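S.K.: Okay, here's the structure, questions in a sec.
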Amino acid sequence: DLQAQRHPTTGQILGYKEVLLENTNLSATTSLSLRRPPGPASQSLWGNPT
Amino acid sequence: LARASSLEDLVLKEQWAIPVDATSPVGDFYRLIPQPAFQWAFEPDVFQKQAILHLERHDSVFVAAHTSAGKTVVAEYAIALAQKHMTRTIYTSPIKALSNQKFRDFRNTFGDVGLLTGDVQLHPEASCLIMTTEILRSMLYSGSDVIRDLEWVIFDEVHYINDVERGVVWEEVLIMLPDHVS
Amino acid sequence: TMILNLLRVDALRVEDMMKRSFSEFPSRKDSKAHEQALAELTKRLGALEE
Amino acid sequence: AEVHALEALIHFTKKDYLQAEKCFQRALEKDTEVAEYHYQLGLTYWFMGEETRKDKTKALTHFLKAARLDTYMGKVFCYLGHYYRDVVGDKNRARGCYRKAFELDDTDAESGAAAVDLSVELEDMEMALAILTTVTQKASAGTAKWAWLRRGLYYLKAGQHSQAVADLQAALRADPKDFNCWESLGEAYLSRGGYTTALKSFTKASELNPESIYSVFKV
RNA sequence: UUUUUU
């Protein structure tokens with residue numbers, strides 16, 4: 001992801017360093033957590049199987 | 001330093017339901033909460049002041065009042081707090097005809113209020129969506145990505161649980177609600 | 001509709017909703033006391049000789 | 001004679017002026033009042049006068065040492081111990097006497113915020129959380145942003161987003177203009193589920209201080 | 001011989 005860095009006090013962007021993502025291989029139709037990708041697209045609010 | 005270093009370092013070393021009293025406690029509503037999220041043209045009564053005192057800490061009230069015009073002060077202070085925090089709030093009414101004038105009054109009182117019902121879908125992107133409970137029950141079974149931004153769910157008339165053909169909706173909703181939603 | 005919307009999902013079973021219903025509250029109110037009494041009274045039977 | 005009064009007035013005049021008079025006031029006070037605790041007031045005045053320009057490795061530093069040996073019971077010598085441990089001289093005992101000077105004389109955020117910040121900069125962390133909790137009960141309505149922000153970030157390092165968001169919300173309710181708090185709160189919402197509240201918060205963060213690239217990029 | 005929601 002190339003995440004930002006933060007000064008330990010009054011956090012300021014020292015530099016951008018790459019780290020490993022951890023909640024990939026997670027999907028909207030096979031996972032029930034608030035970490036999954038948002039959704040297919042703008043979509044019908046209700047009435048959605050799968 | 002050797003002696004001064006030491007001379008400095010030696011000196012250097014369950015109930016689950018709280019029946020808050022109706023009348024007695026509150027005496028000081030303005031010392032704390034000096035910037036209320038909403039300001040009326042009159043004085044909020046004692047029990048409404050206590051309810052606001054507990055809504056500040058993000059607790060979960062159960063108002064049970066007499067007059068229909070006393071509860072909506074809490075019901076719009078929660079929306080003022082929601083707009084202050086940038087989050088979203090869902091006000092849910094059972095009657096299809098009751099959720100029209102409530103919509104009118106909430107759009108007139110402040111900013112953006114979307115409405116969702118069986119046929120109306122005015123602005124389904126606002127921060128005070130007004131719906132019928134069967135629509136919240138239908139978008140709890142799927143994700144619908146609105147649940148990601150909620151703070152408050154204002155069940156308006158929760159004494160319809162005693163109904164014979166719709167009392168199961170209120171309990172399917174009260175069960176499926178995630179934990180971060182007061 | 002309830003049965004369909006819960007069989008569809010894998011990590012949720014239909015008896016969970018039945019357990020959590022208000023009409024089951026009196027039976028399921030002091031449930032933690034029931035399991036603690038069972039798990040610490042099974043110990044007390046674990047005393048007697050065969 | 002006005003011994004204490006005249007010396008104090010001369011020191012005050014020296015403070016109003018440059019540190020030239022300070023050398024005379026310090027020498028006169030040290031020569032005249034030979035003590036350790038009553039002398040500690042003149043020692044602290046001489047160190048406050050000398051700290052402007054003088055290096056004072058022995059004139060004020062030993063004076064501050066005598067004032068530290070004259071540590072008073074109540075709210076009279078903790079700030080001296082804090083200022084004595086500024087940057088050097090066994091920084092671990094410097095952290096110890098910040099902890100002592102803020103544990104005894106916990107009065108205002110100014111001393112309090114610097115004290116807690118320097119405490120948390122050292123390795124130990126599970127002591128800062130208790131301090132933050134203690135300050136948190138005495139937060140009346142806002143007006144404790146120096147505590148709220150640090151405790152929110154400290155809660156942000158762990159995966160405990162509910163309390164962290166609440167803390168940052170309280171901090172902004174205190175004063176809703178520091179863009180750093182808005183950006184950090186937006187990041188807090190984005191760490192957990194919320195997507196449109198993070199967007200709204202980041203837009204608000206960028207609208208004021210429109211110089212910040214990170215906020216617009218995140219938007 | 002009234003009332004109600006996807």
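S.K.: With part of a helix (DSSP H, G or I) and farther than 22 Å from D:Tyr79 by Cα as the only criterion, which of D:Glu29, D:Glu21 stands out?
M.R.: After ruling out the rest, the residue left standing is D:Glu21.
S.K.: Follow-up. Which of the residues belonging to the stretch B:106-119 are farther than 20 Å from B:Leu81 by Cα and surrounded by 14 or more Cβ atoms within 10 Å (Cβ to Cβ)?
M.R.: Across the stretch B:106-119, the qualifying residues are B:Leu116, B:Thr117.
S.K.: Given the conditions (1) within 12 Å of RNA strand E (Cβ to nearest atom); (2) part of a loop (DSSP other than H, G, I, E, B); (3) touching a strand residue (DSSP E or B) at 6+ places or on another chain (Cβ under 7 Å); (4) not small (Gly, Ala, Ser), report the number of the one that B:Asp119 does not fulfil.
M.R.: Every condition holds for B:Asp119 apart from (3).
S.K.: Still on this structure, please answer the following. Quick check, is B:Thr92 surrounded by fewer than 21 Cβ atoms within 10 Å (Cβ to Cβ) and either away from every other protein chain (no Cβ under 14 Å) or in contact with a strand residue (DSSP E or B) (Cβ under 6 Å, 6 or more places away or on another chain) (or both)?
M.R.: Considered against the rule, which asks whether it is surrounded by fewer than 21 Cβ atoms within 10 Å (Cβ to Cβ) and either away from every other protein chain (no Cβ under 14 Å) or in contact with a strand residue (DSSP E or B) (Cβ under 6 Å, 6 or more places away or on another chain) (or both), B:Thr92 comes out as no.
S.K.: It is to be established whether one or more residues within the stretch C:12-24 are closer than 24 Å to B:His159 by Cα, polar (S, T, N, Q) and either surrounded by fewer than 10 Cβ atoms within 10 Å (Cβ to Cβ) or within 11 Å of another protein chain (Cβ to nearest Cβ) (or both).
M.R.: yes
S.K.: Let me ask something additional. Collect the residues in the stretch A:29-50 that are small (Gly, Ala, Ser), more than 16 Å from RNA strand E (Cβ to nearest atom) and more than 12 Å from chain D (Cβ to nearest Cβ), keeping them in residue-number order.
M.R.: The answer is A:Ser31, A:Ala41, A:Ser42.
S.K.: Output yes when any residue across the stretch D:99-109 is within 28 Å of D:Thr197 (Cα to Cα), charged (D, E, K, R), buried (at least 16 other Cβ atoms within 10 Å of the Cβ) and more than 14 Å from chain B (Cβ to nearest Cβ), and no when none is.
M.R.: Among the residues of the stretch D:99-109, not one is within 28 Å of D:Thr197 (Cα to Cα), charged (D, E, K, R), buried (at least 16 other Cβ atoms within 10 Å of the Cβ) and more than 14 Å from chain B (Cβ to nearest Cβ), which makes the answer no.
S.K.: If we scan the stretch B:74-86, do we find a residue that is among the aromatic types (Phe, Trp, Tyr) and either within 14 Å of another protein chain (Cβ to nearest Cβ) or within 23 Å of D:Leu168 (Cα to Cα) (or both)?
M.R.: Yes, that holds for at least one residue.
S.K.: When the stretch B:140-156 is examined, which residues are found to be assigned to a loop (DSSP other than H, G, I, E, B) and under 14 Å from the mean Cα position of the chain (by Cα)?
M.R.: B:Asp156
S.K.: Would you mind stating whether B:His85 is more than 20 Å from A:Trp46 (Cβ to Cβ), over 19 Å from the mean Cα position of the chain (by Cα) and away from RNA strand E (no atom under 15 Å from the Cβ)?
M.R.: For B:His85, the condition - more than 20 Å from A:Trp46 (Cβ to Cβ), over 19 Å from the mean Cα position of the chain (by Cα) and away from RNA strand E (no atom under 15 Å from the Cβ) - is not met.
S.K.: Taking B:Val120, is it within 14 Å of chain A (Cβ to nearest Cβ) and in contact with a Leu (Cβ under 8 Å, 6 or more places away or on another chain)?
M.R.: Spelling it out, it is not the case that B:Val120 is within 14 Å of chain A (Cβ to nearest Cβ) and in contact with a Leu (Cβ under 8 Å, 6 or more places away or on another chain).
S.K.: Out of all the residues in the stretch B:146-182, which are β-branched (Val, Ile, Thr), within 16 Å of RNA strand E (Cβ to nearest atom) and either over 14 Å from C:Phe22 (Cβ atoms) or buried (at least 17 other Cβ atoms within 10 Å of the Cβ) (or both)?
M.R.: Selection gives B:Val146, B:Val164, B:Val169, B:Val173.
S.K.: Any chance the stretch D:117-131 includes a residue that's closer than 30 Å to B:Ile33 by Cβ and of a type in the set (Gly, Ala, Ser)?
M.R.: yes
S.K.: Restricting to the stretch B:5-49, and then to whatever is part of a loop (DSSP other than H, G, I, E, B) and basic (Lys, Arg), can you tell me which residue is surrounded by the most Cβ atoms within 10 Å (Cβ to Cβ)?
M.R.: Only one residue tops the list, namely B:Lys13.
Yes or no, residue by residue, for (1) of a type outside the set (A, V, I, L, M); (2) surrounded by 18 or more Cβ atoms within 10 Å (Cβ to Cβ); (3) farther than 23 Å from B:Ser6 by Cβ:
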{"site": "D:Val3", "(1), (2), (3)": "no, no, yes"}
{"site": "D:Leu9", "(1), (2), (3)": "no, no, yes"}
{"site": "D:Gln19", "(1), (2), (3)": "yes, no, yes"}
{"site": "D:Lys22", "(1), (2), (3)": "yes, yes, yes"}
{"site": "D:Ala35", "(1), (2), (3)": "no, no, yes"}
{"site": "D:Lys58", "(1), (2), (3)": "yes, no, no"}
{"site": "D:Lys75", "(1), (2), (3)": "yes, no, yes"}
{"site": "D:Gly96", "(1), (2), (3)": "yes, yes, no"}
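S.K.: Only residues in the stretch D:7-26 that are under 14 Å from D:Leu60 (Cβ atoms) count as the first member; pair them with residues that are outside any helix (DSSP H, G or I) and hydrophobic (A, V, I, L, M, F, W, C), Cβ under 7 angstrom, at least 6 apart or cross-chain, and list the lot.
M.R.: As it stands, the answer is D:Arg26/D:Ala59, since those pairs meet every condition given.
S.K.: I would also like to ask the following. What is the one condition in (1) away from RNA strand E (no atom under 15 Å from the Cβ); (2) farther than 23 Å from A:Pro40 by Cα; (3) surrounded by fewer than 19 Cβ atoms within 10 Å (Cβ to Cβ); (4) not acidic (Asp, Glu) that B:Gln101 does not satisfy?
M.R.: Condition not satisfied by B:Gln101: (1).
S.K.: Moving to a separate point now. Quick one: how many residues across the stretch D:167-188 are under 16 Å from D:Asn209 (Cα atoms) and out of contact with any helix residue (DSSP H, G or I) (no Cβ under 7 Å at 6 or more places or on another chain)?
M.R.: 4
S.K.: If you don't mind, another one. In the stretch B:61-102, what residues are over 14 Å from B:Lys49 (Cα atoms), part of a helix (DSSP H, G or I), touching a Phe, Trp or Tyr at 6+ places or on another chain (Cβ under 9 Å) and of a type in the set (A, V, I, L, M, F, W, C)?
M.R.: B:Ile79, B:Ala80, B:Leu81, B:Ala82 - these are the residues of the stretch B:61-102 that are over 14 Å from B:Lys49 (Cα atoms), part of a helix (DSSP H, G or I), touching a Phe, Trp or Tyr at 6+ places or on another chain (Cβ under 9 Å) and of a type in the set (A, V, I, L, M, F, W, C).
S.K.: Let me ask you something else. I need a count of the residues in the stretch B:1-55 that are under 30 Å from D:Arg93 (Cβ atoms) and more than 9 Å from chain D (Cβ to nearest Cβ).
M.R.: Result for the stretch B:1-55: 2.
S.K.: Does the stretch B:122-145 hold any residues that are buried (at least 17 other Cβ atoms within 10 Å of the Cβ), within 16 Å of RNA strand E (Cβ to nearest atom) and of a type in the set (A, V, I, L, M, F, W, C), and which are they?
M.R.: Result: B:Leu129, B:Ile130, B:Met131, B:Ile135, B:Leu136, B:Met139, B:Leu140.
S.K.: Here is a further query. Considering only the stretch A:14-24, I want to know if a residue exists there that is more than 10 Å from chain D (Cβ to nearest Cβ), in a loop (DSSP other than H, G, I, E, B) and surrounded by 12 or more Cβ atoms within 10 Å (Cβ to Cβ).
M.R.: No, that holds for no residue.
S.K.: Counting just the residues of the stretch D:67-98 that are within 11 Å of chain B (Cβ to nearest Cβ) and among the aliphatic types (A, V, I, L, M), which one comes out nearest to D:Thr133 (Cα to Cα)?
M.R.: Per the criteria, the residue is D:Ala94.
Because the Cβ atoms are built from the backbone with ideal geometry, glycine has one as well, and the counts that use them run over all protein chains shown. Bear in mind that the values in this text are calculations on the coordinates, not laboratory data.
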